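First the structure, in the form of structure tokens, and then the observations on it.
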Amino acid sequence: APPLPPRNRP
Amino acid sequence: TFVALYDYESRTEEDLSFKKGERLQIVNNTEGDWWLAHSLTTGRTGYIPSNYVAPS
């Protein structure tokens with residue numbers, strides 16, 4: 001499975 | 001409207017867990033690479049990693 005993206009920033 | 005390509009287990013209280021083949025609608029994809037989605041399959045809502053789904 002692909003690596004997860006960084007969490008969203010504000 | 002999108003289809004899951006992989007299973008995804010929630011890693012935060014805000015995430016949506018889903019199975020490969022689930023169909024999802026995007027509620028909001030304006031905040032980054034995690035999209036707020038609603039499962040058309042299960043009725044649940046939460047954030048998903050956008051690289052785990054494909055358009056349908």
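The chains in the structure tokens are called A, B, ... from first to last as shown; in each chain the residues are counted from 1, and the ligands are counted from 1 in the order shown.
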
Distance-based interface of chain B with chain A, 12 Å, counting only C-alpha atoms, as a PyMOL selection string: chain B and resi 4-12+14-15+20+29-36+47-53

Residue selection dump (C-alpha atoms) as a PDB file, in the first residue's frame:
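Output (result-v2.pdb):
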ATOM      1  CA  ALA B   4     -11.235   2.508  -2.672  1.00  0.00           C
ATOM      2  CA  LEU B   5      -8.210   0.694  -4.082  1.00  0.00           C
ATOM      3  CA  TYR B   6      -6.986  -0.599  -0.704  1.00  0.00           C
ATOM      4  CA  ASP B   7      -8.437  -1.242   2.718  1.00  0.00           C
ATOM      5  CA  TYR B   8      -7.764   1.563   5.200  1.00  0.00           C
ATOM      6  CA  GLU B   9      -7.899   1.264   8.966  1.00  0.00           C
ATOM      7  CA  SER B  10      -8.579   4.521  10.823  1.00  0.00           C
ATOM      8  CA  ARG B  11      -5.571   6.012  12.547  1.00  0.00           C
ATOM      9  CA  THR B  12      -7.327   8.963  14.132  1.00  0.00           C
ATOM     10  CA  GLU B  14     -11.539  11.788  12.557  1.00  0.00           C
ATOM     11  CA  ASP B  15     -10.668   9.166   9.936  1.00  0.00           C
ATOM     12  CA  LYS B  20     -11.203  -2.000  -1.038  1.00  0.00           C
ATOM     13  CA  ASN B  29     -11.141  17.998  -0.669  1.00  0.00           C
ATOM     14  CA  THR B  30      -9.932  21.539  -0.179  1.00  0.00           C
ATOM     15  CA  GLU B  31      -7.727  21.172   2.912  1.00  0.00           C
ATOM     16  CA  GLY B  32      -4.903  18.932   1.651  1.00  0.00           C
ATOM     17  CA  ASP B  33      -4.199  15.332   0.719  1.00  0.00           C
ATOM     18  CA  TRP B  34      -6.619  14.013   3.348  1.00  0.00           C
ATOM     19  CA  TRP B  35     -10.133  14.411   2.006  1.00  0.00           C
ATOM     20  CA  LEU B  36     -13.361  14.465   3.989  1.00  0.00           C
ATOM     21  CA  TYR B  47     -11.073  11.744   6.489  1.00  0.00           C
ATOM     22  CA  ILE B  48      -9.389   9.469   3.969  1.00  0.00           C
ATOM     23  CA  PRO B  49      -5.961   9.416   2.350  1.00  0.00           C
ATOM     24  CA  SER B  50      -6.568  10.598  -1.195  1.00  0.00           C
ATOM     25  CA  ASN B  51      -3.952   8.259  -2.675  1.00  0.00           C
ATOM     26  CA  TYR B  52      -5.984   5.212  -1.567  1.00  0.00           C
ATOM     27  CA  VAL B  53      -8.909   5.953  -3.908  1.00  0.00           C
TER      28      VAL B  53
END

Members of chain B assigned strand (DSSP E or B) by DSSP, as a ChimeraX atom specification: /B:2-4,8,15,18,23-28,34-39,45-49,53-55

Can you spit out the residues from that selection as a compact mmCIF listing (two decimals), in the first residue's frame, using N, CA and C atoms?
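Below is the file selection22.txt, written as the result:
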# COMPACT_ATOMS: atom_id res chain seq x y z
N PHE B 2 -15.73 8.17 -5.88
CA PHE B 2 -14.44 7.49 -5.90
C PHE B 2 -14.62 6.06 -5.43
N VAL B 3 -13.66 5.21 -5.77
CA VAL B 3 -13.64 3.82 -5.30
C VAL B 3 -12.33 3.56 -4.57
N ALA B 4 -12.42 2.85 -3.45
CA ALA B 4 -11.23 2.51 -2.67
C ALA B 4 -10.44 1.43 -3.39
N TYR B 8 -8.37 0.56 4.36
CA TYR B 8 -7.76 1.56 5.20
C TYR B 8 -8.38 1.48 6.59
N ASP B 15 -10.83 9.89 11.18
CA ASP B 15 -10.67 9.17 9.94
C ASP B 15 -11.89 8.32 9.64
N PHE B 18 -12.34 2.05 5.67
CA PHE B 18 -13.03 1.53 4.51
C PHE B 18 -12.32 0.30 3.97
N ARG B 23 -17.39 2.53 -2.35
CA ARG B 23 -17.60 3.73 -3.13
C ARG B 23 -17.82 4.89 -2.17
N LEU B 24 -17.14 5.99 -2.46
CA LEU B 24 -17.10 7.13 -1.57
C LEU B 24 -17.46 8.38 -2.33
N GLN B 25 -18.08 9.33 -1.64
CA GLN B 25 -18.27 10.65 -2.20
C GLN B 25 -17.45 11.65 -1.40
N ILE B 26 -16.85 12.60 -2.09
CA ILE B 26 -16.03 13.58 -1.42
C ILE B 26 -16.91 14.71 -0.92
N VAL B 27 -16.81 14.99 0.37
CA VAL B 27 -17.53 16.07 1.02
C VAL B 27 -16.71 17.34 0.90
N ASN B 28 -15.40 17.22 1.11
CA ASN B 28 -14.52 18.36 1.02
C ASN B 28 -13.11 17.87 0.71
N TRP B 34 -5.56 14.75 2.66
CA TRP B 34 -6.62 14.01 3.35
C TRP B 34 -7.94 14.67 3.02
N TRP B 35 -8.85 13.90 2.46
CA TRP B 35 -10.13 14.41 2.01
C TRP B 35 -11.23 13.97 2.96
N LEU B 36 -12.19 14.85 3.22
CA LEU B 36 -13.36 14.47 3.99
C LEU B 36 -14.31 13.76 3.04
N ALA B 37 -14.67 12.53 3.37
CA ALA B 37 -15.44 11.67 2.50
C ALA B 37 -16.62 11.05 3.23
N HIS B 38 -17.59 10.62 2.45
CA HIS B 38 -18.74 9.90 2.95
C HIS B 38 -18.83 8.58 2.20
N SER B 39 -18.89 7.47 2.93
CA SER B 39 -19.02 6.17 2.28
C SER B 39 -20.45 5.95 1.83
N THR B 45 -18.79 8.86 7.69
CA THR B 45 -18.09 10.04 7.18
C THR B 45 -16.78 10.21 7.94
N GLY B 46 -15.75 10.66 7.25
CA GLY B 46 -14.49 10.95 7.90
C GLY B 46 -13.40 11.19 6.88
N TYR B 47 -12.19 11.45 7.36
CA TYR B 47 -11.07 11.74 6.49
C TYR B 47 -10.44 10.47 5.94
N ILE B 48 -10.02 10.57 4.68
CA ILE B 48 -9.39 9.47 3.97
C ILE B 48 -8.12 9.96 3.29
N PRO B 49 -7.15 9.05 3.10
CA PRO B 49 -5.96 9.42 2.35
C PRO B 49 -6.28 9.37 0.86
N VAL B 53 -7.68 6.03 -3.14
CA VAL B 53 -8.91 5.95 -3.91
C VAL B 53 -8.66 6.38 -5.35
N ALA B 54 -9.55 5.96 -6.24
CA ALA B 54 -9.52 6.33 -7.65
C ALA B 54 -10.88 6.84 -8.05
N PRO B 55 -10.93 7.72 -9.03
CA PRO B 55 -12.23 8.23 -9.48
C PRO B 55 -13.08 7.13 -10.09
